């Protein structure tokens, strides 16, 4: 059909068809009269997977012959989403399969919709991981993602009476044709026990053994025939485990619970033992795989020239004392040498500065669960603190601040401090977040070792986040400037010479209008809800968090509503405000925010005076595959976190790429986005980071805003009095109370300037042609935000390897 989707040749189409039929019959054991859409999706999936394997084998073979330096990306999260379309796209099979399946009388799109998301992640962190593996493959890096194969991913969100209900995401119910179980590289992981000292060093003994079985899933590069591996571990009990008899067998579940469910907090940190076991599990099994792969090439000097380990936040920070444990206790290197190898291997990416988000493990936990690692960590601390004393003699306060060990009611190990100490590079995820790191929470560590601190502004993959979810926009871009930009997204700049081209202007706007028409229909079919597709589409999608200030959005919505009820016969640009996201299950406030949003919907959406001028939709079960649908359909992107809190953000990037304009604060990557497009082409409002500080020193008194803004006073009055909850008039007193007395995020301080800026958005939207020209300026400058750029920067400046864009043979 459209050109970026590859060739539908007569060979390939005829061949796809017979392989589809072979799978349907031999693999699925069905015939065309009993097959359901789910069987059809499978046959297609097995058929496409057939095109990977040849390439997959040759890629692993290549890395053996060539023995390049290897990148190991350790993450507890890999938010993959669906695999089928991505695979076709990267393999140039999209038009072929589409043709083949059409001729068999099937609609491919209907089949794509049957695939479960692999929701092995909560949000931006696990999805960074996913974009990174795609980019690593595309750039021919010899990279492996390592994580955990959770039996249940992020929960599916149902709304009942406007409250979030969580249900189990049983994504493996029907099988996963993408993975390959490799029970033959099963590895032991040890827990508990005790440390014994001998003539010949420490020995960790009387431990419980849990086996780690790996599953491999192919990661295909973009049209370069590189296929890398994501290896996820699964917990299995040993056969002599516990081994009255029945219970012994039934208790095998106790071990395998390790990889059973993904922790769904991204706000808070809970010191729960299961979580720590998960972190150790992945790190222990991964290091033996890394070490084994290295030995098949006594001398660990070369280890750092052959291995790079990137730590996605501090979740796999135990890699550091685990690498010492192996080197010192099992391979018998002296401390000082093993330490040099360790620091030179490991690097650390921090994803937040929120204090409640940082891992601080109780010592009593590490002591029972991992007693030798505790010894190592203490020995690490001591030697570290002697470096500090030597560099800053007399400074005893610096000593207590920098310690890996927090003194207090319960002793804690600060896992960030460990990562900084044991890594040669530490990075933030956007320029401003990186400066904040050096100026505030890691300032002490920066003065000791300024050379460790870097920046690597996040990016997203334009294969998933443009070609895949937005084929129409990819096409019109390709018509003008070619296809090269799909893996060199800087070329999008060439679009700046089309900014006064009437034919492009109509085409950009035409595509936006289609994506809206299509999403508007998805809203009716799957969820019986009625939207005007000529309205502006105002979307905030991301996890629910106080810092992300969905509440601020709510306040705007309520204000537009109140202005409309005040002058009903005045013209306002209509809007459909969509807000969607999951709340972590114990985060009471977050859950109240979801409730408020639906409450506003019940009032606003059924007011006959409002008409179709304002609609408020909460988007159920936001996740990767819903993001691929709503992002191409959006006009306004809401990125409105209090300055200084959102480390980078990546949703913001997906929207810029797809023709939405951004309303946001100068926070995280928003800053570089505006810098790249010009501030004129951006809707910036609110305090900068400096303003927030000034406010913290005076003290933030919310009353002041309430006393001076009548429009705001009215909203609080409505919330307090029961306007939005006529059955429970006091339903929202917690929010009204938080807003008024302990808002760490200064919702009221930004309200005035946020509303004024929202008025400027409506004004520009009334002039279609200038709206679109601004869109063009955004899309045209979104190049920097490709995860290809990001990965090339890690590669060159942290891992010490060259990206290569060259094909491998077919």
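So that the term is clear: the rigid core is the largest set of C-alpha atoms that superpose within 1.5 Å between two forms. Numbering follows the first chain given and starts at 1.
- In summary, of the stretches 260-268 and 505-513, 260-268 shows the greater Cα distance from the shown form in 7 other deposited structures of this protein, with structures fitted on the rigid core.
- For the cut-off of one third of the other compared entries, residue 122 stays well clear, since all of them model it along with its flanks.
- When the other compared entries with both flanking residues are checked, residue 90 is modelled in all of them, not unmodelled in a third.
- Gap between residue 297 and residue 298: 4 to 9 deposited residues without coordinates.
- Gap between residue 243 and residue 244: 4 to 9 deposited residues without coordinates.
- In this entry, 357-365 has the higher mean Cα B-factor, the comparison being between 357-365 and 537-545.
- In this crystal structure, the stretch out of 675-683 and 729-737 whose C-alpha atoms carry the higher mean B factor is 729-737.
- You'll see in the entry that, of 373, 180, 510, 431, the Cα B factor peaks at 510.
- Comparing the C-alpha B-factors of 778, 27, 772, 61 in the entry, the top value falls on 61.
- For residue 11, the recorded CA temperature factor ranks within the highest third of the chain's modelled residues.
- Split the chain's modelled residues into thirds by C-alpha temperature factor. Residue 598 is in the middle one.
- Ranked against the other modelled residues of its chain, the C-alpha B-factor of residue 802 as given in the entry falls in the highest third.
- Ranked by Cα temperature factor within the chain, residue 710 sits in the highest third according to the deposited record.
- Residue 69: CA B factor in the middle third of modelled residues in this chain (values from the PDB entry).
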